[PDB]
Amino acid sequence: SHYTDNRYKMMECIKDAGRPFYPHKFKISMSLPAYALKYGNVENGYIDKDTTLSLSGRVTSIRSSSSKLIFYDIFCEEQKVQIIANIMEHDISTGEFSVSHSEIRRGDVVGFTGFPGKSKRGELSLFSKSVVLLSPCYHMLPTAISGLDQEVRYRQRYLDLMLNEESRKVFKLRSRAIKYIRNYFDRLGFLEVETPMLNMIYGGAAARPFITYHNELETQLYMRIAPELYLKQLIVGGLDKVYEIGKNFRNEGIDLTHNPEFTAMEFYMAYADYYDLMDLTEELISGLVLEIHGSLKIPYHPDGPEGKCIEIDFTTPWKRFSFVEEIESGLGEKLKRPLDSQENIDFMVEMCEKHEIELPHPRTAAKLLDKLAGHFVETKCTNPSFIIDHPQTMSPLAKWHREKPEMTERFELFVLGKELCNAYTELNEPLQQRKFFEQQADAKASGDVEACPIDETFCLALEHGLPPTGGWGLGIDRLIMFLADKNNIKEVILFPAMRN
């Protein structure tokens, strides 16, 4: 607009007039919090002309009460400080009073020097002697996010962070929560590792990958969909307890709970099974909730702050729902065995139509089972609840159930119908594992884009002996959503993927 062109013209006039133009360094006397923590309990009207302090922040308010007085609010590091600029106090060596202040606009980052104290009304203030424009804002900013549509908050995240305290709070909470989680596992003697995000062969999750290419090696590559296959090789290597926190990359759908890159944690624990992992998940998550909120019952608004509120209860232990048993309890009928037979496939198709459940493609036993548990089970998980004992056909890297035929020692954690955790007793028998890979390879051949190719390097690693192991993954972003009561993953990711 004209505001931007005029600002560029102003800065040109300032550069040519020998006046301060983007100064390289401004030495602040102290932070704005610190200034408030030192002078916040002074008597009203107190000043100290024996002390000169330099302060800086972004201008949020300019009010010229008269020709001799200008009131500024600056803001920085979560603290507001008022500046009172009296013409009688102005340092004429920096320019005439009207000139110096004529160059300051709301939104500018600026520095003031002056004397500390509080005003007569009692508001913490600096009684400024000069003003330095450090970095002008070339755009007319709104007062609050109300003056922006609200997808600007996602596409220009600096504007959300500059005007909206609620958003700064979410990302501070995100860091506090990841700190808590690392500590939890560091205390247990885990070793944090990093495994490749560029893979020759992708695997470890049910997802379509991103495809790329390395020009000097002349080979196609994939971004990792999960670190699982590498992490387990470190247990073969004897590291005993490892974890990784980083990005996965999945090339599929974007919605309220899906962003193409998302932060995941995986850990592998030699000699655990999935029963140890349940106890561990409850201890980790209830403790973090308690740490963050001060109690285990926390509000959650699925439709935003003026919509209905749900109170999620994280009190332990959590409800277990057996995968197949609860589907058959919803159906009033038993699935057909073997679970992956054509008869069962047909029966599940028929039940999905009967219960108005969108059919998947292909109509693999695994995808159909997913649809039925999406309908009959994932809908009962308002409080954190474990969905346990997933069928083998949908769990190619999960070890078989020691007692239930066709099942595995797997669990998923759901909160308010949304997946948070996925874990199992790790499959460590190479023969079965190869066969489950081949069934995956054939499903990919039959239209399952989310099916992974065989990874011979992983089979060879299992042939060197994976000790009995429990492994586990957590979608960190979705965890932040519950901890910060957002219902859109875009709220808990700084620069989410936006359509252009």
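Residue indices: 1-based, along the sequence shown. By rigid core we mean the largest C-alpha set that fits within 1.5 Å across both forms.
**Student:** Could you check whether 306-314 or 282-290 drifts more from the shown form in 6 other deposited structures of this protein, using RMS Cα distance once the core is superposed?
**Tutor:** Relative to the shown form, the greater RMS C-alpha distance in 6 other deposited structures of this protein belongs to 306-314.
**Student:** Taking RMS over all structures and residues, which stretch has CA atoms farther from the shown form in 6 other deposited structures of this protein, 134-142 or 252-260, after a rigid core fit?
**Tutor:** Taking the RMS over all superposed structures in 6 other deposited structures of this protein, 252-260 lies farther out.
**Student:** Would you class the number of unmodelled deposited residues between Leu148 and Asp149 as none, 1 to 3, 4 to 9, or 10 or more?
**Tutor:** Unmodelled stretch: 1 to 3 residues, a short break.
**Student:** On average, which has the higher Cα B-factor in the deposited entry, 27-35 or 469-477?
**Tutor:** Per the deposited B-factors, the answer is 27-35.
**Student:** Look up the CA B-factors in the entry and say which stretch, 387-395 or 81-89, has the higher mean.
**Tutor:** It is 81-89 that shows the higher mean C-alpha B-factor.
**Student:** Among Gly203, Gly189, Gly287, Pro338, where is the Cα temperature factor highest, going by the PDB entry?
**Tutor:** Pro338 has the highest C-alpha B-factor of those listed.
**Student:** Just to confirm, going by the entry's C-alpha B-factors, which of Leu277, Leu173, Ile357, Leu239 comes out highest?
**Tutor:** Of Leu277, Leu173, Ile357, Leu239, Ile357 has the highest C-alpha B-factor.
**Student:** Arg250's Cα B-factor: lowest, middle or highest third of the chain?
**Tutor:** For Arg250, whose C-alpha B-factor we compare with every modelled residue in the chain, the answer is the lowest third.
**Student:** Determine, from the deposited record, the chain-internal third of the Cα B-factor for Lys297: lowest, middle or highest.
**Tutor:** It falls in the top third of the chain.
**Student:** Mind checking which third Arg402 falls in for C-alpha B-factor across the chain?
**Tutor:** For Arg402, whose C-alpha B-factor we compare with every modelled residue in the chain, the answer is the middle third.
**Student:** Just say lowest, middle or highest third for the CA B-factor of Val324 relative to the other modelled residues in its chain.
**Tutor:** Answer is highest: the recorded C-alpha B-factor places it there.
**Student:** Check where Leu133 lands among this chain's C-alpha B-factors and tell me if it's the lowest, middle or highest third.
**Tutor:** Bottom third by C-alpha B-factor.
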